[PDB]
Structure formats: C-alpha cells, structure tokens
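Commentary on secondary and tertiary structure
The chain contents come next:
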Amino acid sequence: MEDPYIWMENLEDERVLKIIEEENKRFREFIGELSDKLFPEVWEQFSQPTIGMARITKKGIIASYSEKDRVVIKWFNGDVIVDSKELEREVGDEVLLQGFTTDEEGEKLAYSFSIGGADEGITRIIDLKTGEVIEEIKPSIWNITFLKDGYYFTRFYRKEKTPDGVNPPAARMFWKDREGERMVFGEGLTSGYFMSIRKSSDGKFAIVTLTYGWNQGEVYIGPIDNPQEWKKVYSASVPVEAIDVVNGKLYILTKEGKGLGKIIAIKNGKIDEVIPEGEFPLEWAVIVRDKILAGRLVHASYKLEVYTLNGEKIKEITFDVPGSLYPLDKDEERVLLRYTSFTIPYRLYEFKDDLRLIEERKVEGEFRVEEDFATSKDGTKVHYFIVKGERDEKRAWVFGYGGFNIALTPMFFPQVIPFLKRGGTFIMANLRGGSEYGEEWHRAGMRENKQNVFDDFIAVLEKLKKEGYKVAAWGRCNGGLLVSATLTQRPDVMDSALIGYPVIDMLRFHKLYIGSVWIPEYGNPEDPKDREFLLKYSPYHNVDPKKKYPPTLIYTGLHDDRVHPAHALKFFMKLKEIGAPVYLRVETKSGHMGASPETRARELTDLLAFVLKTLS
Ligand SMILES: [Cl-]
Ligand SMILES: [Cl-]
Ligand SMILES: [Cl-]
C-alpha cells in the first residue's frame, strides 16, 4: 500500500541528490587513497588488447580489438581498417564502436558506432580496398547480410511504430539495393517478437529465427533470393537455434525435452534426432566440413565435441585451463572460436580439421584454477571455480549471479589479478537460475524458486567460511539482488558485501524503467500469490533491525537507464535506518553504462579497494 521512500524514485529530488553527494564523499574518504594506489595495476590489466568480433573473408580474417581508450577493426595479419580515434577526429566528439560484419569475399565492410552517448547510432558500409564509405545509414542498422549487390538488414523500433503500424518494441527485416529499400520480413509481429537472419553455409538458403521474449521461437528457411518463399519449417516453445541447412536438412539445436540441448534435423516436414540429449548441456553447435562441431558445457566450462553429420561422435577436445568457448564466425571450410578464462583475456582458435591456436593473450604469474562443490539445503551440488595466487592470505572474493538462463563460465576480471597477487582467492559460484545444467536448472531459480539461488550461494559462502576464509560476496544486477538478499538473511556468512546496480524492491521492480521485462523471471507483484513468495525474500522488505551487518557497498550509476538506481537508494536507506556500516557509490558519468574505459576501470578499482580494506 505505502512505500515510505517512494520519493527516491524521482532521481531529480534534491533529497536524493544530497544523498548521492554525501555518500560519494563518504566512500571516497574510505577507499580513495587506496584506490589511487591500485588504479595503475588495474588499468594495466584493463587496458590489455582484447579481441571482440572476428569475421572470415576470402582475403583473410578481419577482427576488432579493444585497447586502452581505443577500438580498432583490422586485418588479422595486416592494416587497421577502422580506428576509434580517427573517427573521434572526424566528429571531434567521443565515439563508441559497436560491431561489424563483412561480405564473404571481403570487399565490403559494415560497422556501427554511436557519436557521443547519443541514442542514435550510425552505420557505415565501406569498400575494403579504398577505405571509401560507399554508404552511411542513420540510424544504425543491424543484421547486415550481404547478398550480391544489396543486403538484408533488421531495424529495431524503440520509440516509433514500425512501417506496417505496430507499436514498439518491435523489429523488422528489410532489403536494400541501388534501387532502394523494402520491408521483406516481419509484418504483423506484435511487440516482443525479435528476429535475425543468417545464411546457410553454402549461402543459397536464408535462415530466419523468430523469438518472443527470451524464451521461445520459430524457424523460417528458404531461398536467399526470395523472402516471399521463406516458409516456416519449425515451431518450438523453448529456446532453439538453427545451425545450418546442409544438403536439404535444417539442423537445429533445441532445448526441447528435458532442456539440456539436442540436435535435430528437419527435411520436408520430417523430424529426426541427430544428436540426443546428453548428461551435460549442449550450448552451441556449428557445421564445418561434413562434421558437426559442438560446445558441451561440462560443469560450467567448455569442452569441444566433433560429430559426423549423422550424429556420430568422432572425438572430443579438452583444455588445460577451464574456459569459455564461443564461435566467432564460420564458413564452409572453417570456424573461428573465442576462448577466455580467469587469467586468460582471450585465445583465438581456428578449427578446420583440427583445433589450432592462432592468437593468445594471457597474464603470466603463478595462478591456479581449481574446482569444488558446495551442498545446498535440498542437497543440490553447487559447483564453483577457484582462482588462487602464489600465496593464500585466506580471503575470498565470491562472485555470483544465478538467474535469467545465464551461465557463469570462466571469464576475465582485470581487477581480480592484483587481488590474486596480493594472496587473494577468486570464487565463481554456479547457482541455480542460470543454464549450467539445462532448462530446469534455470526454472529451479525462477519465481517461487528464487530462494534456491540464495540457498545455493549461502552454501558456498558458509563452506568457504568453514575453511577459514574471510569472505566478500559480490554480484551485479540480478547478482546485486543475490547479494542483498543473502545479506539480509545470513549476514554471518560474509565479512563484506558488494552490491552492484541491483534490483532491490521486488514489489515495485516492474514499474521502473524496463523492469517489467523481468516478470517472467521473478513473478508479478500485481498478483497477491506472487507477492507472497516475493515478500519472503525481498531485500527492501527484509532488513532485520536486530541483526548486525558487515561492511556493505552498494554501487550504481545515476544515468543507468536499465536498472533504476532507486533500488540502490532504497536499500541503502533501509540499512542506514538500522545503523549498518553501509556505503553508497553512484557513478556520475552518463550515456552508455561504460562511460569510457577509464571511468569503468576506476570503479572496478574501488571494488577491489573495498574488498582489500574490509577483508584485512
Ligand atoms: Cl561491476
Ligand atoms: Cl537481468
Ligand atoms: Cl559500470
């Protein structure tokens, strides 16, 4: 009925601005001197050259990299094609590059960039030989798929009705030519339907994937020449992805069944199962050279599986260090893969007949990756990664998410490397809510099951606690909810808390920004039966006045336009009411979430600084 701090939802309230000013001041006094000391170490790690997108062309590989304040798109062995710095002297204003694609011949390249934090992006299609900009399209278009003279592309409608007259958010597919533009796909798609197109390997079939929400889809295939003959060949109810049309059959990676991932093929109405469900999730597959190449997610890290087209396992490939493995691009003869891990920013791999390492960036030092399990309330085994340095000062930085079908697999945290070097241990927990063990591993953290995610996390913290570790719990967004909720319930299992860009108010999350999008995950606060399980764990509603709490850092951004800062502000106040040792950090830099590489870098440093100071 009534929320005492509902006024905090107006971020322009001077009471709110005053809170930000005072608290930033507080937090800066607490870790500033330490943060300034650590920053060159974090930046040294953050500023590392890091690959982004890669493409196969007949003239060679084209890939983008991030370095320092710069983003370049370049010939793999050769020249820089696009710089971010050259562009920022074309406008005199700061520019972010978003992504690119090329034609298969490597004569045309299209990329996208937003000048300033301006909402509208821009797309430039340049000739790869002169560097000429043969077209500039504003606003930015996506899915640029070259065919002959023109190309298909998808436009996303955020603010405005689609041409056929449908309210946002919606998406439409087009075809551009010397002649002009025309919508070729999407008419009547109500808001929520999102689409994409990819070519088959031979390039003579279009493959179109419809998605409603983040949950469900249908597949359309047809001649790449004519959209009028793009007929629907598969209809699903749970996340599917179309792999390729090889020799008349559409190969599909589907989580239908138990929800672990299987490969099916469809030819002229008839469905046959190529690769059945395994014990562990099948997260992706690509077809290369009469061989199926598959990413199997064994306990939240990747191993590589090679199958014949008829579904017969030829071999598997394992890695020295547990890492994440994703395809970057593929043609008929080969695939590029991106690998990453805790102390390995990236490896670029090429699979053709064998797996070949063609580029690598790793951080030297005596670092170790181990694994172990915790036992949750109901006996569920909660896997977690362990990263250790040369020495062990018995302090843990424990990262969790647990939701939205998002698997926490090995990745690179720049600010953790100085923490390892200082004798710290990084822990990454695989809680329910994610996709580590399939579609039901996800469902087991949704709605009325959310307390499982918390129970999984406590299981890990309490286990680390029993072993003599000082513990810092950390999470962002849905992870920020994770840490706030675990805080209100078991403050005894952690020596400090780091709560980032969090959802806190579980009864009003749907009224703020785009929060209603999370209703399938969390529940509906407008339904009294959902409020009953929501009210049981809602951090904003469960701050225990008689419990004694650890140092707690809530952090967010003022112009963050996805996760409303008022969640942070409200929880801060609730902790402050009962005199908890809480701090509040509010980034002042607007525009996109990462203002610049340096502002972000400095924020990560403050996190490390808070951990080091409070775990000492
Ligand atoms: Cl963060
Ligand atoms: Cl989310
Ligand atoms: Cl940020």
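Residues numbered from 1 in each chain as written, not as in the entry; some residues may be left out. Chains lettered and ligands numbered in written order. Heavy atoms only, no water.

Per the deposited record, the coordinates in this entry were obtained by X-ray crystallography to a resolution of 2.2 Å.

**Here's the deal with the overall build of the protein**
Counting its secondary structure elements, the protein contains nine helices and 36 strands. The C-alpha atoms of the protein give 25 Å as radius of gyration, which agrees with the globular expectation for 616 residues (25 Å, within 12%). Of the contacts formed within the protein by residues at least 6 apart in sequence, a portion of 53% connects residues at least 24 apart. Summed over its atoms, the accessible surface of the protein is roughly 26600 Å², and 48% of this surface lies on carbon and sulfur atoms. On the protein, the mean spot of the 88 positive side-chain charges and the mean spot of the 99 negative ones are 3 Å from each other. (Helix = DSSP H or I, 4+ residues; strand = E, 2+ residues; numbered from the N terminus. Rg over C-alpha atoms; globule rule 2.2 N^0.38 Å. Contact = heavy atoms within 4.5 Å. Areas by Shrake-Rupley, 256 points an atom, 1.4 Å probe, with all protein chains shown as cover. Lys, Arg positive; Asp, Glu negative; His and termini not counted. Charge placed at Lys NZ, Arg CZ, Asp CG, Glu CD.)

**A look at the environment of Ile6**
Among the secondary structure elements, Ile6 is positioned in the segment before α1 (14-46). Overall, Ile6 belongs to the partly exposed group, its relative accessible area being 38%. Between the C-alpha atom of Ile6 and that of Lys570, which follows or precedes it by 564 residues, the distance is 8.3 Å. When sequence neighbours within four positions are dropped, the list of residues in contact with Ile6 reads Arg508 and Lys570. (Buried < 20%, exposed > 50% of the residue type's maximum accessible area, 1.4 Å probe, protein only.)

**Comments concerning the side chain of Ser324**
Positionally, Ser324 belongs in strand β25 (residues 324-330). Taking the relative accessible area as the measure of exposure, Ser324 reaches 1% and is therefore buried. Excluding its chain neighbours within four sequence positions, the residues that come into contact with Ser324 are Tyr302, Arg338, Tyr339, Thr340, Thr409 and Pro410.

**Examining the pattern of salt bridges**
All chains considered together, the criterion is met by 61 salt bridges. Where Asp354 meets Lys315, a salt bridge forms, and the shortest distance between an N and an O atom there is 3.4 Å. Of this pair, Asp354 sits in the loop between β27 (344-351) and β28 (355-361) while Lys315 sits in strand β24 (residues 313-317), and the two are 39 residues apart along the sequence. A relative accessible area of 29% places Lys315 in the partly exposed class. Overlapping salt bridges bring together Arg28, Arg585, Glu587, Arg600, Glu603 and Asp606 as one network. (Salt bridge = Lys/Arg side-chain N within 4 Å of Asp/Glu carboxyl O.)

**Some words on helix α4 (residues 450-466)**
Taking 1.5 Å of rise per residue, 17 residues should cover 24 Å, and α4 covers 25 Å from first to last C-alpha, within 8% of that figure. Most of α4 sits out of view: 12 of its 17 residues are buried. Within α4, burial applies to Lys450, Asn452, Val453, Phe454, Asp455, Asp456, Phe457, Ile458, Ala459, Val460, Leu461 and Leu464. Within two residues after α4, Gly468 carries a phi angle of roughly 95°, on the positive side. (Expected span 1.5 Å × (residues − 1).)

**Some points on the packing of aromatic side chains**
One pass over the full model with this rule turns up 40 aromatic pairs. Between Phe280 and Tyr437 the ring centres are 6.5 Å apart and the planes differ by 50°, which places this aromatic pair in the tilted class. Highlighted residues: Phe280 in the loop between β20 (270-275) and β21 (282-287) and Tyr437 in the loop between β32 (425-429) and α3 (439-443), separated in sequence by 157 residues. The burial state of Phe280 is the same as that of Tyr437; both residues are buried. The structure contains a cluster of three or more aromatic residues connected by ring pairs, namely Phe342, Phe385, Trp397, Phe399, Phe413, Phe419, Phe426 and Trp474. The positively charged end of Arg602 is found above the aromatic ring belonging to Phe39, 4.6 Å away from the centroid. (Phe/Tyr/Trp six-rings, centres within 6.5 Å; stacked < 30°, edge-to-face > 60°. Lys NZ or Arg CZ within 6 Å of the ring centre and 35° of its normal.)

**A word on the domain arrangement of the protein**
The assigned domain composition of the protein is domain 1 (1-48 + 363-616) and domain 2 (49-362). Its C-alpha centre places domain 1 at a distance of 31 Å from the equivalent point of domain 2. Each partner contributes residues to the interface: domain 1 has 37 residues there, and domain 2 has 38 residues. For domain 1, the biggest contributors to the area lost against domain 2 are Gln48, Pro410 and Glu439; these three give 21% of the whole. The tally of links from domain 1 across to domain 2 stands at two salt bridges. In this structure, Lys362 and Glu364 form a salt bridge, with 2.7 Å as the shortest nitrogen-oxygen distance. Viewed at the interface, domain 2 and domain 1 are joined by 12 residue pairs in polar contact. Those elements giving two or more residues to the side of domain 1 that touches domain 2 turn out to be β29 (368-375), β30 (381-388), α2 (417-421), β32, α3 and α9 (597-615). (Domains from an automatic or database assignment. Buried area = accessible area lost by both parts, 1.4 Å probe. Polar contact = N/O pair within 3.5 Å; in protein donor to acceptor, adjacent residues only side chain to side chain.)

**Considering the sheet that holds β24**
Ordered by their spatial adjacency, four strands build an open sheet running β21-β22-β23-β24, and the pairing between neighbours is antiparallel. With partners counted over all chains shown, the strands left at the sheet margins are β21 and β24, one partner each. Each strand axis lies, on average, 20° off the axis of its neighbour in the sheet, ignoring direction. Pairing analysis gives four bridges linking strand β23 (residues 301-308) to β24, with the strands arranged antiparallel. Counterpart to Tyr307 in the pairing with β24 is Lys313. (Pairing = 2+ DSSP bridges. Axes fitted to C-alpha atoms, helices over the stretch in contact; angles between N-to-C directions.)

**Some remarks on the sheet that holds strand β7 (residues 122-127)**
On the basis of which strands lie adjacent, the open sheet formed by four strands has the order β5-β6-β7-β8 and antiparallel pairing. Among the strands making up the open sheet, the edge pair consists of β5 (95-102) and β8 (133-137). With strand direction ignored, the average angle separating the axes of adjacent strands in the sheet is 20°. In this structure, strand β6 (residues 108-115) lies alongside β7, joined through six bridges in antiparallel fashion. Bridge pairing in β7 places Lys108 opposite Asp127.

**Looking at unusual backbone geometry**
The omega angle of the peptide bond from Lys138 to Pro139 is 0°, so this bond is cis rather than trans. The topology assignment puts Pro139 in the loop between β8 and β9 (142-147). The omega angle of the peptide bond from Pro168 to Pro169 is -5°, so this bond is cis rather than trans. Note that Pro169 resides in the loop between β10 (150-157) and β11 (170-176). Backbone geometry at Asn247 places phi at a positive 50°, although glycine is not the residue there. With a phi angle near 60°, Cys477 is a residue other than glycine that sits in the positive phi range. Residue position: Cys477 is located in the loop between β33 (470-476) and α5 (478-489).

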